[PDB]
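In the deposited numbering, the protein residues as written are 22 to 201, 208 to 685. From the three backbone atoms N, C-alpha and C, an ideal C-beta is built for every residue, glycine too. Notes for the one structure printed next.
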Ligand SMILES: [Fe+2]
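What follows is the structure, given as structure tokens:
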């Protein structure tokens, strides 16, 4: 049939190459608000938007993440580019090589040939990419006619990664049988350098410092009157803080800070959770009190209650050096808090509030803002690889016996339900950096001076905020241009109606639009960076932090031992999974905030509007201001106890893609 014949030749590779070239042409259109476009442009963009809703499709019944608004599938165009692919394949092949090299010869035979070939094929692909990038340079006028070999390279790396997958499954099918004090926790690294946290994780001031400069800087809050369920009294406080101090004066001088994990819900099973693959696991919803001394030199831990009900969880107080009989009970209570922390951090702060929020903004943007809408142009780079990585999360990390089931004590269907619930309850406006710092009363550096996430995050937040304002003003001259924009209004409708983004509301003016975009951009870029890139240095070593414990919380502050603490350490399989997935997820830096060039070949500018790209213009100013931020952070880091480098703009990707 004449009507069918084109289908034969029209494969996926051809279609990716077709979309890539279409991409670059549609790139030429000067962007416009729909009300300022001409009749022809209005008709074409309504047609494209209809076609966009074919390809970008909402579901709330995606595998393993029921309830969460997701893409039904990742469009061909949204598959990662060669550059991301090579990078990520590179890390996983390194980790495979490291692992096989750590096995006895007998057992290595399973994998050693497959691994050698994966490593050699990656090397052949990298060399291809290099030579392709050399011919473009030698003849840049012919550059556009090399894109097809870049798409061909893309097909080759995808196939590499499918083979990489088959090996990882075979290794991890066998790991429980392959795995062999804290000796086992160092052995899992193989040749990987152990993080610095492995040498100081027992230090009490280091433990407090997690609250302000660790992977979860969001939960800590000021407390003015302690709640009934945390019955710490003045004698206990004064025992830690000195007789010249008191709860009452500490409260009043804004020196008390509470860490309360009540919101974990089923992520903190009420008791033992026995699993075949990992044995008996526990996790917790503790409450910990921290305080500043009068000089506010630094936060100190004061007391830890290992669950919500004091009638069933005793109060653990910071011991003195001399108090050997309290030493181990206290190390157990800290471990409890860190078990809560991995759960809170990874499920809520990382997965629910970055990844899964950006999912919804991605889908709404592609479905309702035309490709030539200025806000599409602005936002699209900040979603690159987001749909792909999150489908990765759902499929690969969240099923039975997957990484999350292995690494987090809860039953996997409780984990999935609690993660998704936190996403659905997450309020877009309350979740804004300035709003979070106000609501928790941690916004004033004279009360809480050392808080690197706050002070470094405000630099980045405010830099993005000026950029958004500068950019909106190019296109929207008044509030009426905002309310007359039918695309922006449809986007709002979908963010609420399909995206289920709590707290989202009509946008009725420019200042509010700026705040909205600032949130969307910051969430995709800096917030993600801040909570994802700690994983390799802070969360790869299981005795410092793990989302499951093999023993219950300590039953008494007194009389515990080293043996009793060691009981809490997880099985070896958990530690093996931990080091590998956390190295991986924090080792791919793809794209950079403010660059706004394509991150794949031909690496073209994002913005063609000469008003945006003008010398001294909005984009240049944002790029200049990020470099000023870098320099200020680097200066701050000279005076800090440890550098906090996650919010250096040079380390912040534009998008959430790992
Ligand atoms: Fe991430």
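Residue environment: residue 175 is assigned as buried (16 or more neighbouring CB atoms within 10 Å of its CB, all protein chains considered). In the three-state scheme derived from DSSP, where H, G and I count as helix and E and B as strand, residue 351 is classed as helix.
Close CB contacts of residue 571 within its chain, under the 6 Å cut and outside five residues either way in sequence, are with 224, 228 (chain order). In the structure shown, residue 430 adopts helical secondary structure according to DSSP, grouped into three states. When secondary structure is reduced to three states using DSSP, residue 298 falls in the coil class, being assigned neither helix nor strand. Cβ neighbours of residue 396 within its own chain (closer than 6 Å, five residues either side excluded): 402, 403, 514, 518. Relative to ligand 1, even the nearest heavy atom lies 7 Å or more away from the CB of residue 608. For residue 308, the enclosing beta strand (DSSP E) covers residues 306-308. Nearest neighbour of residue 236 by Cα position, chosen from 89, 418, 475, 501, turns out to be 475. DSSP places residue 549 within a helical segment (H, G or I) once states are collapsed to three. The segment 277-290 makes contact with the segment 232-249; the number of CB pairs closer than 8 Å reaches 3 or more. Your pair residue 433 and residue 604 checks out as a contact, with CB atoms roughly 5 Å apart and the cut at 8 Å. The way I'd put it, the segment 600-615 does touch the segment 419-434; three or more beta-carbon pairs between them come closer than 8 Å. In chain order, 54 place their CB closer than 6 Å to the CB of residue 512, counting only its own chain and leaving out the 5 sequence neighbours on each side. Sequence-distant partners of residue 462 (beyond 5 residues in either direction) whose C-beta falls short of 8 Å from its own C-beta, in its chain, are 456. Within the same chain, Cβ atoms closer than 6 Å to the Cβ of residue 526 are found at 90, 387, 391, the five residues on either side in sequence being excluded. Residue 23 carries a coil assignment under DSSP once its states are collapsed to helix, strand and coil. In this structure, DSSP gives residue 235 a helical state, which the three-state scheme calls helix. The segment 568-587 and the segment 61-73 do not touch, with fewer than three beta-carbon pairs separated by less than 8 Å. The beta carbons of residue 577 and residue 308 sit closer together than 8 Å. If you draw a straight line from the Cα of residue 66 to the Cα of residue 521, it is about 18 Å long.
Residue 316 sits in a strand when the DSSP states are folded into three classes. The Cβ atoms of residue 626 and residue 634 do not sit closer than 8 Å to each other.
Between the C-alpha atoms of residue 546 and residue 311 there is a straight-line separation of about 31 Å. Put simply, of 580, 195, 317 the residue whose alpha carbon is nearest the alpha carbon of residue 340 is 580. Three or more Cβ pairs drawn from the segment 482-498 and the segment 649-658 lie within less than 8 Å of each other, which places the two stretches in contact. For the alpha helix (DSSP H) assignment, the uninterrupted runs of no fewer than 4 residues enclosed by the segment 595-647 are, from N- to C-terminal side, 599-612, 637-640. In summary, residue 57 is exposed, with fewer than 16 beta-carbon neighbours lying within 10 Å of its beta-carbon over all protein chains present. For residue 382, the shortest C-beta to heavy atom distance toward ligand 1 is below 7 Å.
CA-CA distance, residue 649 to residue 496, rounds to 11 Å. Here residue 234 is buried, its C-beta having at least 16 other C-beta atoms within 10 Å.
In this structure, 510 is the residue among 548, 510, 338 with its C-alpha nearest to the C-alpha of residue 533. Uninterrupted alpha helix (DSSP H) stretches at least 4 residues long and entirely within the segment 127-163 occur at 133-159, given in chain order. Our two residues, residue 554 and residue 25, have alpha carbons roughly 49 Å apart in a direct line. Relative to ligand 1, residue 109 has its C-beta separated by 7 Å or more from all heavy atoms. Excluding residues up to 5 positions away in sequence, 657, 660 lie with their Cβ nearer than 7 Å to the Cβ of residue 675 in the same chain.
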